[PDB]
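Provided below as structure tokens are two forms of one protein chain, presented individually as structure 1 and structure 2.
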Structure 1
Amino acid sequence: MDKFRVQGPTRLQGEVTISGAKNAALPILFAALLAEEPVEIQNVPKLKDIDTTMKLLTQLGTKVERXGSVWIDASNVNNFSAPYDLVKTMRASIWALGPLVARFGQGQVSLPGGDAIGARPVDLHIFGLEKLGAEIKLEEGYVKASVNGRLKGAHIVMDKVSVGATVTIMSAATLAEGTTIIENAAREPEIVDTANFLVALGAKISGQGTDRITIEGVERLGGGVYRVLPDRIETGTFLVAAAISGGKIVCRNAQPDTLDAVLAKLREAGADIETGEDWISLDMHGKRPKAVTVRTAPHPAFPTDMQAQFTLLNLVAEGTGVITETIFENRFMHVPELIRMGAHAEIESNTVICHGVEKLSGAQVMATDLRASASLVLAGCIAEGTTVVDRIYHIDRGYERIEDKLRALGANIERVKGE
């Protein structure tokens, strides 16, 4: 049971290199099943889900190898089943369905029981495929999709915005006969990245990033080299580590345009920011941050995924700031942990009222949420004394060796194994 021991306070400054987005890497990895020729997916982070996906792919008969890049050769897919033994701890598994039936005419994916830690419906995916002409077979714990020949482009109106189903429908539509129009498509920068990857392979797709995605099917996709986009939330997490520590940081391998709202929010906090084609610079000038008002909402507005981070910023800022969750419920569970560190806050309705204090005090903390947990480490860096962040495996799930990045920024951090 790994833990993080942090010695504070320490100013976080210097350089950090941003890892690729797991969330853009996953769907691209699955989409590669469409590729007739070898493919090189660069900038893929070293995370658990990537491994599971690697195993899943190999199981299909795909040739797979990795380092910074992941090499894929899907020329010989022979097996069409994603056994219960894989879709286990990985929702993303579902992404194998579409490419399979779209390219091979048949695909089968395992589905966790009606109520076993993942009763999460995948109805949208299924119905989207059916809409594209796939024959669907459901028996409960398994889902089969098949088609005689090619899938057929369709005008598909989404009743619920879904990053997951948008990927499934868009991916499968590239090999279908005709044009597919996806109304109410998810807008995520990850969707854009996946669409771009598809286009690099020879697909015809437009509207990515808007409410409307249009795909014109082609007979086949080739191979090539594609670089996965920068991790927007990781970038944001680092920018915040600098903004709460009076530091100066430059984020390398970054993508400014996927962070507009977070940047303007940082500026409101008093931060000095500059951006280039592939980098972002933040400078606090030794200054404490100014309390800010935050309203999370659908991309391209302020991302709920940066919430815990900004909550921490407000907590050590000059003045009072309120964070409102306009879409999600129960997103403040971690706050008590911060209060144990000396923070002043009130949780009311879909909001957290932040009364900034001068300095935090170290303590033994723990959060299950990826973002909130990472935030506890950030706090540990600026708090006075020793802070022990427990159960950090949650962080390792979406953060590529974060202790090493922090360290290179000046943090006094230690990965403590066993106990």
Structure 2
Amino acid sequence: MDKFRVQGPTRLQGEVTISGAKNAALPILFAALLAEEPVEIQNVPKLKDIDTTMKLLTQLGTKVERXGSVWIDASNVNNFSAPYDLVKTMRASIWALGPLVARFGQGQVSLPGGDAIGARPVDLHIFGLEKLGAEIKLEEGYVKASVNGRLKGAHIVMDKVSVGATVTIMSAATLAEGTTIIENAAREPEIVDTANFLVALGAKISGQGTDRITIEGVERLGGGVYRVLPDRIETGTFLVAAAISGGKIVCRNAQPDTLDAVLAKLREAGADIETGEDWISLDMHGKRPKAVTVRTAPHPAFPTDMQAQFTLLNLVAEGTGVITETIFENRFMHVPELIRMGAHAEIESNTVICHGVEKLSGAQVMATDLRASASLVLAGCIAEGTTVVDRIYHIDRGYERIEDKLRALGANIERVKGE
């Protein structure tokens, strides 16, 4: 059971190369099923989900080999089933459905259930396929989609904005016969990257990143080389690491435009920010951060995923700042951990009232949420003494070797195996 042991305090400064987004990576990987010719997917991160996806693809009859990139060859997909084993460890596995039926005319995914009716996330995917002409079948712990020939483009009005369903409906429509319109499509930067990847293979797609995606079906998708987009939330994690440490840092392999709100936010905190075509720089100028007010909201507004980070920023900032969760519920569960470290805070309703203190004190902390967990490793860096972040496997799922990045930044971090 891996743990992080940190020596504080350490000023975070220097350089960090942002990894590719697991979130753009996943759906792009599934979409690669559409390709007739080989595909090179670059800038893919090394995370559990990528591996599970690799296993899944190979199992469909796909040729898969990885490194910096992942080499996909979907020319010989023979099997059409996503087994129980694979689709229980990873929700994203639902994405195999659409391509399979769009390109092969058939597909089946395992169906973990037991739960509440009218709840299932998959419900949106299934109905999306149904509107496309696919024949759905709910049997044998399964969900089967099939069509004779091509899928039919349709005008689809989304009732609930859904990242997952937008990818499935969009992907499957590239091969559909006719035009498909997705009303209320997810705006996420990841959706845009997936659209672009599709466009690169030969698909005709437009409106990506807006409330309306329009797909013009084509007969087939080729191959080629595509670069997965940088990790927006990771960038924000390192940007915050300098902002709370009086540091100066430059973010390489970054994508500024996917960070508008976090940048404006960092500025409010009195940070000297600069951006280039592919990089972002933050200079605290030895200064202490200025407490900010935060309101999480749907993209392109303040990302909820950057919430715990900002809560830490307010925690070691000059003055008071209140963070509000416009969206979610129960996202503060990690705060008490911070309190045990010398942080002054009041969880009130859907908000967290932040009372900035000069210096945090090392301690024993644990958070299961990846963001909240990473926020803890950050605190250890600026706290006085020794901090132990427990159960970092959580972090590993979403962070490509973070201790290494933090170390190059000057952090006194150490991966402690088997306690």
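The first residue in the sequence of structure 1 is number 1, and each one after it adds one. Rigid core here is just the name for the largest C-alpha set that superposes within 1.5 Å across the two forms.
In a rigid core superposition between the two structures, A119 is the single residue of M333, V157, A119, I347 whose Cα is displaced by 2 Å or more. After superposition on the rigid core, the Cα atom of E37 is displaced by 0.1 Å between the two structures.
With the core fitted, the CA of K88 sits 1.5 Å away from its counterpart between the two structures.
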